[PDB]
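A.B. asks: just need the structure, nothing else, for what follows:
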Amino acid sequence: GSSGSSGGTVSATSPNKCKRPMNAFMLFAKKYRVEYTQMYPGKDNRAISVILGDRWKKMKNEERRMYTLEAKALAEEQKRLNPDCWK
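C.D. replies: Residues are numbered from 1 along each chain as shown. Please see the structure below:
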């Protein structure tokens with residue numbers, strides 16, 4: 001089951017513990033989350049993210065494929081595991 005059509009006059013709030021899928025970038029910023037958390041302890045979380053994106057923009061087409069295809073499987077599987085999705 002699927003659910004979560006377009007919104008209505010909704011702005012950017014950036015909630016937490018949401019119930020969204022794991023897109024390509026998501027797998028990157030995540031898989032590389034702690035990677036920068038220990039490499040850049042002097043920086044803040046808000047910075048760790050900004051830097052992460054930069055790498056995704058500098059990377060190549062194949063360098064991102066690892067997350068593109070990978071995330072895809074998760075984007076489809078997650079739907080199978082959650083057949084009861086009305087929200």
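
A.B. asks: longest helix anywhere in the protein?
C.D. replies: Scanning the chain for the helix with the most residues, using DSSP state H, yields helix 61-81.

A.B. asks: buried ones in that helix?
C.D. replies: Using 16 or more other Cβ atoms under 10 Å as the test for burial, helix 61-81 gives 64, 67, 68, 71. In short, each C-beta sits where N, CA and C put it, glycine included.

A.B. asks: which residues does it contact?
C.D. replies: Contacts with helix 61-81, where a contact means Cβ atoms under 8 Å, 6 or more residues apart in numbering, come from 1-2, 21-28, 31, 56, 85.

A.B. asks: repeat that for stretch 17-31.
C.D. replies: With contacts defined as Cβ under 8 Å, 6+ apart, stretch 17-31 is touched by 4, 49, 52-53, 55-56, 64, 67-68, 70-72, 74-75, 78, 87.

A.B. asks: next, the distance between the ends of that stretch.
C.D. replies: Distance between the two ends of stretch 17-31: 17 Å, counting by Cα to Cα, to the nearest Å.

A.B. asks: which of the three states applies to residue 84?
C.D. replies: Following DSSP: H, G, I helix; E, B strand; the rest coil, we place residue 84 in the coil state.

A.B. asks: residues contacting it?
C.D. replies: Contact analysis of residue 84 by Cβ under 8 Å, 6+ apart lists residue 1.

A.B. asks: against residue 1, how distant is it?
C.D. replies: 6 Å (Cβ to Cβ, to the nearest Å).

A.B. asks: also residue 61?
C.D. replies: 34 Å.

A.B. asks: and what of residue 83?
C.D. replies: As judged by Cβ to Cβ, residue 83 and residue 1 stand 5 Å apart.

A.B. asks: noted, bye for now.
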